[PDB]
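Let us start with two forms of the same protein chain, each given on its own as structure tokens and named structure 1 and structure 2.
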Structure 1
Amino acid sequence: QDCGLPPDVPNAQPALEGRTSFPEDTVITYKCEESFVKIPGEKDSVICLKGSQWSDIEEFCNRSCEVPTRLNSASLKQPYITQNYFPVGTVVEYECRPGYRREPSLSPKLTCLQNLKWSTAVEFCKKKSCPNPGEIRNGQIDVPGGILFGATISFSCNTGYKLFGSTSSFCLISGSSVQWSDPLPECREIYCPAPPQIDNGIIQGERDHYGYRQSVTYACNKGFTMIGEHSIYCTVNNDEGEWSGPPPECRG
């Protein structure tokens, strides 16, 4: 009442599970081979009936391409995203990822070749561009390599100014577009410490704040002699303001 090994089917291998005898009614399914994917709505299973006789079954395997290769720019559309049977002459449609944009002139579709390959994908999905970094007052923006999605920029200040904020920004995908990860920082005027007050002398028309390269002029009182640099200026070293040198002396 049992059947022997099931029939032979081209491009298909029956899943016996190590067994050699199959009891009546036992249903065996065939599994296609590499480069093969069972045709939809096509029987791939036999059923052992009376007289130790397996039912009838005809080739159900066809040649097909593997699942489209993952692309960083575009992702498959429905329902190709869940398919596996890519009979030759089949098209798969892609949809730009986040954050990439479609290149009108290029087709987002793909096709399956004879040696089981695909149509080399174009650049249908380009990288989304970021907003102009802008300008930094008394600072600079280093754009090593463009401002496209995944790009990076760095910040620096002009001599005499200190950096307050982020030293770099990234073009990251935000919502429906790419946006710079951090805000444009600020370059703060590095002010020098209030100039030293000297004995018997004064500061010719002082000042509220002394910045980089700004000088302080000194003047002795009546009956005193100036012995030294008539004035000093502000130097900046490591975002640190420092006076050029020692103030002058007002010898009596």
Structure 2
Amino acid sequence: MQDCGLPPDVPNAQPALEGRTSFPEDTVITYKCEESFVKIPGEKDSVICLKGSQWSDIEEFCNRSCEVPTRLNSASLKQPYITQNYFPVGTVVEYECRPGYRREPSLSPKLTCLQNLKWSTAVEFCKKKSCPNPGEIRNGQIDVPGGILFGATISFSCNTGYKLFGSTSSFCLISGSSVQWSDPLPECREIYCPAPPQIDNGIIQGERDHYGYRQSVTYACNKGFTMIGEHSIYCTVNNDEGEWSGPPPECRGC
């Protein structure tokens, strides 16, 4: 009926004594690997106090191991590395691209545990996916300030004389399997000036169905009359309504 003394001394491991120094038979003491040490899977990490005041045998069960690889935005830890914590020197793990990222063939998606207990240099093996080419807007313009990769933003404009109809911008969002543009290409439609005013005792030289930006209309008085204002007027617009340069000339009189 004798108690057990102090547990055996295990290298790189510290036992949880619970402030005790003597333990009754059938006492199980568990060790915890020291800093930079991860318990070797399948190894005895504890001791029991047996008859004759004797502790059960126990061998070193800790190996200097890497910390769980740091999360990456481009890729994730494949299985089963994604659930492991024991990473002794020489341990290599494999990654798999996230969404929306794509594999850079020329580069390896593997990380190694260096002697110094750190993961080998990180390379861009998982490169950002690139949305389809914007295209082109008829009588409009697309602005790609920072490429068209996953996360980029592009804007749309309408050339002078045209009003934009649709989305004014678009984002390279991730959509399921691949990547796509948030909003669709708008349309740059041609602005039209309201029918040119008609004048008393005068007429419009060759009238047209519609008048667009920079388009003019020339007037002509009737035999025996005179103008009062500009002879012609042109279709203004600016941003983004169609407007005539000014009032129409004037004929008089009789």
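Structure 1's sequence is the ruler for residue numbers, which start at 1. Here the rigid core means the biggest group of C-alpha atoms that line up within 1.5 Å when the two forms are laid on top of each other.
Colleague: I want to check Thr26: does it shift between the two structures by 2 Å or more at the Cα, with the core superposed?
Modeller: Yes, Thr26 moves 2 Å or more.
Colleague: Taking 2 Å as the cut-off, check whether the CA of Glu58 shifts that much or more between the two structures after a rigid core fit.
Modeller: The answer is yes; the displacement is at least 2 Å.
Colleague: Please check if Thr225 moves between the two structures, taking a CA shift of 2 Å or more relative to the superposed core as movement.
Modeller: Yes, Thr225 moves 2 Å or more.
Colleague: What's the distance in angstrom the Cα of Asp8 travels between the two structures, core superposed?
Modeller: Here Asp8 registers a C-alpha shift of 4.6 Å.
Colleague: Once the rigid core is superposed, tell me how far the Cα of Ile147 moves between the two structures, in Å to one decimal.
Modeller: For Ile147, the alpha-carbon shift amounts to 0.9 Å.
Colleague: On a rigid core superposition, how far has the CA of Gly205 moved between the two structures, in Å, if you could check?
Modeller: Residue shift at the C-alpha: 1.5 Å.
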